[PDB]
């Protein structure tokens, strides 16, 4: 559906995984996102993970269905272009344009998503 989404996620909540962050990463990331994650340092893993969870929560908000039957975390992938600008490729999105922006503070990951008419 056409909509917008906003999501702010506290870094500490993702960092507080320790022995659960691998399973959580696998539930949250696609194949290529996971490869990037395994290549990162531990502080960088939490940031990467919180940014992706925020971007995907925001996207599902704009998509208007939330995560579930119509949309799985695995159907959404954030990629970066040559300039490091993030974009979303989604397997369930039909004839529409998607916009995303991700930002970080020391304690937070925030993302906003716009799904528009082509």
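Residue numbers count along the first chain shown, from 1.
Colleague: Comparing 51 to 59 with 33 to 41, where is the mean C-alpha B-factor higher?
Modeller: Higher mean C-alpha B-factor: 33 to 41.
Colleague: Per the record, averaged over C-alpha atoms, which has the higher B-factor: 14 to 22 or 100 to 108?
Modeller: The stretch with the larger average C-alpha B-factor is 14 to 22.
Colleague: Would you check the entry's CA temperature factor for residue 6 and let me know if it's in the chain's lowest, middle or highest third?
Modeller: Lowest third of the chain for residue 6's C-alpha B-factor.
Colleague: What third of its chain, lowest, middle or highest, does the C-alpha temperature factor of residue 67 fall into?
Modeller: Highest third of the chain for residue 67's C-alpha B-factor.
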